[PDB]
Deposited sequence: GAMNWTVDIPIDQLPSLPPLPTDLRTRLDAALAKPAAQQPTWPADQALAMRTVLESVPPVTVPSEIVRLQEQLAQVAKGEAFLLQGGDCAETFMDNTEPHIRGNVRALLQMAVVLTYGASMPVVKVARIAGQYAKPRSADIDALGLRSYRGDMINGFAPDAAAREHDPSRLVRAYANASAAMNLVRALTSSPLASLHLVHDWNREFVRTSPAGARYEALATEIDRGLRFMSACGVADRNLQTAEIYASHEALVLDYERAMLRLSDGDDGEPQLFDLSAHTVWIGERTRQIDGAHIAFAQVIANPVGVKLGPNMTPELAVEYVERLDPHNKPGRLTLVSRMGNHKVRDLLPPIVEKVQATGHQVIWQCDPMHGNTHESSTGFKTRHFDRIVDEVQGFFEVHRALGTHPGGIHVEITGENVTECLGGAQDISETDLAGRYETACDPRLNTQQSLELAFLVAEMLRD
C-alpha cells in the first residue's frame, strides 16, 4: 500500500474452460508422480489455486507455430539450417521492458544475419524470453544467510527473508510478463527493426566501436556487399519471409508448465503453450524424474543439457525416451562440457547417439561449463566444431546468454573487460563478436 511502496493486484477468479482429455491427463498424472528436483516449496493448495487461474488464460504460443518450429528444427538436424538460441540468463519482471526486449531482439537478428552469411544456410532464431524466470540452486543458503533466489517465478531477488519466500502468485505474475513480452516480440519481428537494411549500420557501429573492430571489418564488408547485391537483384523486404523469433525457457517449474498445457492434434496431443520449445537443465534431467517424463508427454521440440558427467549410454537413453518416433529435430542435445573437456568428452557421446539412427540437433552451450572469460567461451565452440568436423556430423547450433546492453559481466572481448540476476551474459559487443567468430568456424 501507500506506506511500503507496493500495490496489491487482485487475481480474478474466473470460470474454468473444459478439462483436458482424461486419457492425456492420465498420462500426465503418471509422469508427474515421478520425483521432481528443484521444485518450489509452496503449499499444494496455493499451487492448485494458481494453476487453475492459468488453465483458462490465452496461451503464449499456438500449436501451428510449434509445428512450424519442428519443421525448421528438422532442417537443422539434417545439416540444412543452423540454430541460434540466446537471451537473458534470467529474465526479471523489473527488466521486462520495451528497451530491454528490443535490445535482445536486435542482438539475435544481428547475430543471425552474420551466421546466415557464414553458414550459407538459414538460421532458426530461438530467444530465451517470455518465460525464463526460474533457476535451480545448488546452495541451500546463499552468502547473505538467506534462502536462495530461484528466479522471479518463485521468489524475489531482494536480499530479505519475506521476498525470498516461495509465492505461487508469482506463477500468475510470470504469465502476465511472458504474454506482454511475447506480444512485443511478435510486434517487433513484423516491424522495421526486422529489416535486413538496418544490418549495414549495426555492423558498421560494431566495427567502428570495437577495439578488435579492424579484425571483423572484412567479414562486415562482405555481408554489406552481399545485402547490396540482394537488393541490386531486385529483392525488397516485401519479398522476404517475415522474421520469426521463437520463445524458449528451461522447463523447471512444473506447476507453471502443466497449467500452460493445451490440447491440439492428427491424434490429440498436449502442447506446452508457455513457449515454442523448452529444455531440461543439468540438475533436473534425471532419467526416471518428472522433468524428462513431462518432456515425453508434450508435443513441443525439447532440449536436454549434457554436462561433463554425461556418458554415451545415458545420452542414448534420452534419445529413446524423448525421440521414440524418430522425428528429426524433436530432440536437441546441448553440449556444456567446458573448453578444456569438450574435445575429449563429446566425441564418444556423438558416436553412440549417431549409431541409434536417430537425428538429434547437436547444439553447443559454451557458457555453463566455463564470471566467464570470453576466450574460453570461444574455445569451447571451436572444440565443438572440431568434434563434429572429425566425426562428419552437423555442428547444429549455439545456446548463448546475451543482452543488447553494454553491461560488464563477461571478461575479455575487444573491450578487454577486467546487472544479471544470475550468471554473466555477453554484452551487445561480445555477443556480436562471437557471431563473427562462429561465422568464420562455419566457413573454414
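Colleague: What are the unmodelled segments when the structure is compared with the full deposited sequence, in sequence order?
Modeller: Missing from the model are residues 266-268, 374-382, 431-438.
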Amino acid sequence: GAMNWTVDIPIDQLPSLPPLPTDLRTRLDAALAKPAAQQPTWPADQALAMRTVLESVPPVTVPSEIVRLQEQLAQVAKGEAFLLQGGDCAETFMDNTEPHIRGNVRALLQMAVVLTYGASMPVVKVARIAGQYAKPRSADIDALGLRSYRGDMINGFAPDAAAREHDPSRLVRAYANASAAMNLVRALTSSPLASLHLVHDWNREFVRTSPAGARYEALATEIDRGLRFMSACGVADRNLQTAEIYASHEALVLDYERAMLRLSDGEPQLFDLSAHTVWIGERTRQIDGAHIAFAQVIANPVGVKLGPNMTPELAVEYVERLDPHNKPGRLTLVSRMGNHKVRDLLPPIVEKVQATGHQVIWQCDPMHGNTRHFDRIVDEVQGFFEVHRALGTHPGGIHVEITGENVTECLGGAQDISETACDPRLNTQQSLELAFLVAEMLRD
From here on, numbers count along this sequence of modelled residues.
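Colleague: If you average the CA temperature factors over each stretch, which comes out higher, 359-367 or 293-301?
Modeller: The entry gives the higher C-alpha B-factor average to 359-367.
Colleague: Looking at the entry, does 381-389 or 404-412 show the higher mean C-alpha B-factor?
Modeller: Comparing 381-389 with 404-412, the higher mean C-alpha B-factor belongs to 404-412.
Colleague: Maximum C-alpha temperature factor per the entry, among 218, 319, 275, 172, belongs to which one?
Modeller: Comparing C-alpha B-factors across 218, 319, 275, 172, the maximum falls on 218.
Colleague: Just the C-alpha B-factor column, please: which of 247, 124, 180, 161 has the biggest number?
Modeller: Comparing C-alpha B-factors across 247, 124, 180, 161, the top value belongs to 161.
Colleague: According to the PDB entry, is the CA B factor of residue 118 in the bottom, middle or top third of its chain, that is, lowest, middle or highest?
Modeller: Middle third - that is where residue 118 ends up once the chain's C-alpha B-factors are sorted.
Colleague: What third of its chain, lowest, middle or highest, does the C-alpha temperature factor of residue 98 fall into?
Modeller: For residue 98, the deposited C-alpha B-factor lands in the lowest third.
Colleague: Taking the chain's C-alpha temperature factors as the reference, tell me which third residue 342 falls into: lowest, middle or highest.
Modeller: For residue 342, the deposited C-alpha B-factor lands in the highest third.
Colleague: Can you tell me which third, lowest, middle or highest, the CA B-factor of residue 279 falls into for its chain?
Modeller: Bottom third by C-alpha B-factor.
Colleague: Thinking about Cα B factors across the chain, which third does residue 78 belong to?
Modeller: Its C-alpha B-factor belongs to the middle third of this chain's values.
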